[PDB]
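Each remark here refers to the structure printed beneath this line.
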Amino acid sequence: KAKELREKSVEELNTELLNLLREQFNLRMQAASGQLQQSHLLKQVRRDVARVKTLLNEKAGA
Amino acid sequence: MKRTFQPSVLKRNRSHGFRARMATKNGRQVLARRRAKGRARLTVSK
Amino acid sequence: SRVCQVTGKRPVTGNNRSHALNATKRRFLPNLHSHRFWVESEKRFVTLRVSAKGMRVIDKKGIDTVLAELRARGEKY
Amino acid sequence: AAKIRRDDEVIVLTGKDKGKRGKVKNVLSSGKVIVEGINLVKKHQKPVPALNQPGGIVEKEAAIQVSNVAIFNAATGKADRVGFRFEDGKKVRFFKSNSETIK
Amino acid sequence: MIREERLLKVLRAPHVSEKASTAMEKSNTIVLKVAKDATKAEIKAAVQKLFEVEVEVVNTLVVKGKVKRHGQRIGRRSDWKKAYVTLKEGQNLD
RNA sequence: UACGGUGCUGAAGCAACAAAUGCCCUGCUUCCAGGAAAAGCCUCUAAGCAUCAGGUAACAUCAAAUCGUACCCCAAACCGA
RNA sequence: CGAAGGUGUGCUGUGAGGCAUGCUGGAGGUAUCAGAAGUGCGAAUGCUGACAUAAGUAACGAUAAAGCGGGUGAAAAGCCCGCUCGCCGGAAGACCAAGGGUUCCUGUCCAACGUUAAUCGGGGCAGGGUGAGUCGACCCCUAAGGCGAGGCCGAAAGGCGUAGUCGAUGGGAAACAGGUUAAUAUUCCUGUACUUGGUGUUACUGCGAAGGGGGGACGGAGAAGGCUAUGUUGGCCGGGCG
RNA sequence: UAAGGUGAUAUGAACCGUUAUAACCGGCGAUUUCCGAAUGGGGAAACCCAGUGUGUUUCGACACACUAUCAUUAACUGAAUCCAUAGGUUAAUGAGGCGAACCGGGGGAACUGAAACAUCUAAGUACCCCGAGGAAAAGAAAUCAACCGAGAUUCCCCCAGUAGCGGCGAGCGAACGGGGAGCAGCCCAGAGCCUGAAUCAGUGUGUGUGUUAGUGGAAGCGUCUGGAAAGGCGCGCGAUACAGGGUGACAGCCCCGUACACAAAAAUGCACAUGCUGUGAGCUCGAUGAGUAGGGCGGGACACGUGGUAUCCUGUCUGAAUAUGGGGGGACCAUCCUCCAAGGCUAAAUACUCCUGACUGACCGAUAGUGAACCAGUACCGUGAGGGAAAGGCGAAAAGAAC
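Chains as they are written, first to last, in the entry's author numbering: chain e, 2 to 63; chain m, 1 to 46; chain c, 2 to 78; chain 3, 2 to 104; chain 2, 1 to 94.
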């Protein structure tokens with residue numbers, strides 16, 4: 002997804018990151034209960050977040 | 001019968017703990033030696 | 002530390018030999034002395050822990066020169 | 002640069018199922034393949050209440066060494082060796098005997 | 001003022017147990033697993049934002065990890081922070 | 001009534017005497033062997049600031065984080081294999 | 001079509017040994033003539049492991065003490081319940097510090113651990129459990145002492161020490177009663193409290209420290225007097241009529 | 001580079017991926033909690049407590065940066081005390097700590113041997129301390145030699161267990177000279193001319209060649225035994241590849257490789273080539289290292305123990321000449337020869353291996369080999385420094401024994 006997310010603004014990125022974080026939180030909440038029967042999702046979300054962070058760093062002073 | 005070891009944590013730490021070891025040159029040397037040996041517990045420190 | 006500031010004379014080790022040649026370790030300390038030296042240029046006394054040899058050297062050369070040398074060496078006075 | 006792959010029909014050079022043929026089912030990182038119908042073992046499957054397994058003498062396909070199988074060339078009617086070569090900026094396998102590309 | 005991102009990270013899970021259940025039912029108090037670094041105020045903030053529910057007060061405690069033995073080898077479970085969060089009267093939590 | 005307990009209910013609830021080694025007592029009396037320190041606390045001003053801050057006055061509101069809290073502890077859990 | 005190794009047998013050499021072969025074993029061995037040695041073990045109160053002997057012997061860890069009924073169980077002297085009996089009671093009870101670090105509670109299991117059995121356990125496995133403005137630490141302050149900028153001293157390492165900064169075993173703000181969990185409670189809940197900080201206020205109007213002063217701030221013994229904790233008796237209230 | 005993947009005990013679950021952002025491998029980046037030199041202050045390491053400033057706030061608070069010490073230089077400030085200096089506050093630069101051995105320096109034992117023991121030996125060893133580098137140190141004759149000559153240092157073989165030293169005991173033990181490895185010479189004590197002339201370091205660029213992923217890489221079938229063939233027996237083929245490892249028993253031709261031939265977007269080592277910054281070459285005139293050389297007293301080093309003892313170093317007290325001069329040639333003198341101390345720099349041959357890769361072994365094969373083939377510096381023991389084990393093998397394949 003990095004090549005797609007690279008074509009964005011800083012503000013845009015930040016919002017996306019926030020959203021991702023929220024999603025992750027939700028997953029965690031679900032995971033703890035017996036709701037989440039799709040574990041890979043959590044793995045994905047974290048990765049996405051990381052990617053976003055990396056992108057942000059690249060943008061701001063690199 | 002009052003046996004020799006009469007534990008006290010603070011006393012132990014002050015005596016033998018990491019910071020004490022650091023404080024002196026000989027202590028430092030000891031630490032270094034331990035490291036070289038491969039000790040898991042470098043000091044008395046928990 | 003017993004070190005002439007002008008000359009650099011430290012203590013050196015050696016032996017006491019007895020009449021039966023019994024070596025025993027000893028030191029040879031330098032003949033140090035703290036002496037106020039008048040510095041004519043700056044118009045003040047500079048105290049220096051110096052050997053008698055150091056003093057002699059100073060006399061020979063001029064205190065100023067000695068001071069300069071010391072400075073060059075990175076030594077406070 | 003792996004000469005035998007998932008969907009290749011192979012012939013067995015050695016063992017109890019030597020001479021027989023079968024499609025490679027899957028290939029393991031250990032340097033062994035599992036081929037369809039070839040090396041069979043009658044495992045005694047231990048029952049478990051969970052996962053809906055009844056448990057019995059299940060005859061399943063054990064692995065075989067990749068070295069023990071060979072890619073079969075349909076044209077020659079025989080086992081062949083595989084070579085590698087670049088056709089149109091892309092690496093491809095070919096039968097050593099007859100020099101034809103694997104497709 | 002706690003950062004949104006920080007808040008999201010704070011809260012680890014709901015804690016299911018008899019005691020927890022009792023707390024929920026009788027005293028209107030939810031029992032959460034939270035980050036070991038998460039202070040009380042932060043936790044409260046997280047609760048308010050992320051569950052949309054007024055908080056009366058948060059009590060926290062640190063649960064020490066049990067030492068276990070997997071076969072011959074000894075090994076300790078991690079410490080973790082439990083939080084009893086008391087919700088205001090009439091606050092029903094999903 | 002899951003024989004573990006749970007829910008409701010609930011009378012009187014006074015007086016005298018005795019009484020510590022505990023409290024008044026960091027007191028009092030006495031003795032010589034002549035009995036910590038520093039902060040909190042109260043107070044005084046200096047440089048300062050000057051009609052601002054600061055101080056005390058009540059009242060309102062917010063605040064009090066963090067770590068410990070199980071259990072043994074004259075002992076089968078600590079020091080003695 | 002069975003290597004080394006293991007184990008029998010037969011033959012053979014003056015001896016160290018050699019050859020052959022049955023069984024076991026399941027993959028290596030090696031003639032000859034040369035070459036090199038970690039080259040030969042019964043002893044060293046040799047070293048390591050294994051296994052004997054004494055021997056099914058001594059002992060089973062305070063002479064506080066048990067008995068029976070029922071339960072569970074494959075099985076009960078030992079576990080649970082009950083009724084008796086006995087022991088401690090300035091402790092063998094209750095609550096902490098130190099030290100330990102889950103031993104707490106529940107379910108479950110009995111190989112090992114428990115000086116016997118064990119259904120039991122501080123044993124195994126799984127799950128649960130430790131809630132603080134006012135308790136303690138942290139924090140402010142210092143003692144003995146420690147470290148110690150500069151400094152003084154010292155072949156080097158380093159020693160001593162000023163300013164300082166650390167250091168409790170001492171000084172420094174504040175919470176009680178009841179109820180509750182299988183397991184926490186001055187921490188949860190119920191009631192009724194207190195503290196010292198900010199911030200804002202209106203009201204007032206000399207505030208201000210690294211400084212001054214007070215205070216904190218202190219020994220042993222003795223003697224009482226006033227008290228309470230607590231206990232006894234009576235009254236009261238409930239139950240009883242052997 | 002790919003058709004398979006999501007490390008291991010260790011399966012499963014939920015998934016991703018298959019011609020190219022699945023996974024894997026390599027370059028350059030990003031992130032990089034806390035403790036630790038630890039550096040904002042403190043501290044019982046992985047914890048406690050700040051200050052200042054810049055931004056934000058739902059005004060409850062957040063965030064993130066900086067704040068050690070020393071040295072050096074600079075700026076401002078600044079006592080007694082007039083100027084000054086000490087001191088003080090900032091700023092910049094560097095340092096600090098760790099690390100196997102080797103290296104140089106500062107200190108420096110004893111057991112032991114001498115059949116006792118004290119000189120002596122062990123030994124400048126062990127050890128402690130400081131400092132450095134990929135090597136270090138040494139180094140460009142005030143050196144040897146012998147009336148012939150050599151031509152800085154270092155290292156190897158000889159000289160030689162010689163000459164010597166030595167309670168002339170035990171022991172210690174050269175040099176000259178010869179053969180080799182490697183070889184390199186320069187600058188300042190200073191000013192004149194000429195002005196960018198050789199060389200070196202940092203730093204870009206270019207070329208070559210490594211290194212850090214990789215790619216291709218030959219040729220075998222039948223039959224007998226057997227659980228299985230790579231074995232037997234047949235008949236073939238490859239070989240710049242019969243190194244090695246695996247594969248159901250022993251495989252050149254089944255697999256991985258091997259010989260051989262190729263490969264780098266990116267980073268980077270070493271050579272030369274070249275630009276820029278600093279550095280000054282050649283010429284003439286000189287100048288030619290003083291508390292120094294020597295000496296006395298005391299020690300130490302030189303094979304050399306004070307001896308008839310040259311030479312070097314210096315704790316102590318002295319103290320020249322200064323090239324018409326001075327040093328040395330093993331007491332000392334005379335002659336001759338030979339060199340120029342009291343300022344520096346300097347590659348190579350030499351020393352070592354914590355570590356990386358490749359290959360080898362009349363080295364070990366689980367009481368051996370590392371202490372450690374195994375989750376070992378672990379368990380366990382000890383207040384602590386420290387000590388410190390045991391423990392490998394089912395099978396070809398779990399087909400690990402349903403009922």
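The C-beta atom is built at its ideal place from N, Cα and C for all residues, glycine as well.
Separation of the CB atoms of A64 (chain 3) and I35 (chain 3) is rounded to 5 Å, and the pair is thereby assigned contact status at 8 Å. Going by C-alpha positions, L93 (chain 2) is about 18 Å away from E18 (chain 2). Of all residues in the segment 28-45 of chain e, only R29, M30, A32, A33, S34 place a beta-carbon less than 9 Å from a beta-carbon of chain 2. Look at the segment 63-89 of chain 3 and you find these whole runs of beta strand (DSSP E), each 3 residues long or longer: 70-74, 83-87. Among the bridge pairs identified by DSSP, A3 (chain 3) is matched with none. Residues of the segment 14-26 of chain e that bring their beta carbon within less than 9 Å of a beta carbon in chain 2 comprise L18, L19, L22, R23, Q25, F26, in sequence order.
Between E60 (chain 3) and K43 (chain 3), the beta carbon gap of about 5 Å places them in contact (Cβ cut-off 8 Å). The shortest CA-to-CA distance from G75 (chain 2) to any of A83 (chain 2), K66 (chain 2), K44 (chain 2), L11 (chain 2) is the one to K66 (chain 2). When the beta-carbon positions are compared, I43 (chain 2) and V62 (chain 2) stay at least 8 Å from each other. Between the segment 48-64 of chain c and the segment 23-34 of chain c, the count of Cβ pairs shorter than 8 Å is three or higher; the stretches touch. In this structure, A13 (chain 2) sits near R29 (chain e), with a CB-CB distance shorter than 8 Å. Excluding its 5 nearest sequence neighbours in each direction, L68 (chain c) has C-beta neighbours in its own chain below 8 Å: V40, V47, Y78, listed in chain order.
Closest option to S100 (chain 3), judged by alpha-carbon separation, among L41 (chain 3), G90 (chain 3), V83 (chain 3): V83 (chain 3). Contacts between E5 (chain 2) and chain e, judged by CB atoms closer than 9 Å, involve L18, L19, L22 in chain order.
Using a C-beta cut-off of 8 Å, the segment 78-94 of chain 2 makes contact with the segment 20-33 of chain 2, since at least three inter-stretch Cβ pairs fall below that distance. Excluding sequence positions up to five before and after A32 (chain e), its CB lies within less than 7 Å of the CB of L43, all in the same chain and listed in chain order. Between the alpha carbons of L87 (chain 2) and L11 (chain 2) lies a gap of roughly 16 Å.
Interface with chain e (8 Å Cβ-Cβ cutoff): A23 (chain 2) is excluded. With distances taken between CA atoms, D89 (chain 3) lies nearest to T102 (chain 3) out of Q46 (chain 3), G23 (chain 3), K79 (chain 3), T102 (chain 3).
Non-local beta-carbon contacts of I58 (chain 3) in its own chain, meaning distances under 8 Å to residues more than five positions away in sequence, involve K43, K44, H45, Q46 in chain order. With distances taken between CA atoms, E17 (chain e) lies nearest to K54 (chain e) out of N27 (chain e), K54 (chain e), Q36 (chain e). At a cut-off of 8 Å between beta-carbon atoms, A13 (chain 2) makes contact with chain e. Inclusion of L42 (chain m) and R33 (chain m) in the CB contact set at 8 Å is not warranted, their separation being larger than that value. Close partners of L8 (chain 2) in chain e (Cβ separation under 8 Å): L22, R23, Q25, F26.
Within chain e, the residues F26 have their CB atoms less than 8 Å from the CB of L50 (chain 2), given in chain order. In this structure, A20 (chain m) sits away from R28 (chain m), with a CB-CB distance that is not shorter than 8 Å. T15 (chain 3) and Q72 (chain 2) have their C-alpha atoms roughly 42 Å apart.
Within the same chain, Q6, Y78 come within 7 Å of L71 (chain c) by CB-CB distance, once the 5 residues on both sides are set aside.
Beta-bridge analysis with DSSP links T102 (chain 3) to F95 (chain 3).
Straight-line measurement puts the Cα of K64 (chain 2) at about 7 Å from the Cα of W80 (chain 2). With a contact defined as Cβ atoms closer than 8 Å, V46 (chain e) and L21 (chain e) qualify at about 6 Å.
Of the residues assessed, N40 (chain 3) falls on the buried side of the cut-off, its CB having 16 or more other CB atoms within 10 angstroms. According to the DSSP assignment, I35 (chain 3) belongs to the beta strand (DSSP E) that extends over 33-36. Following the DSSP letters along the chain, one finds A24 (chain c) in no beta strand (DSSP E), marked with neither H nor E.
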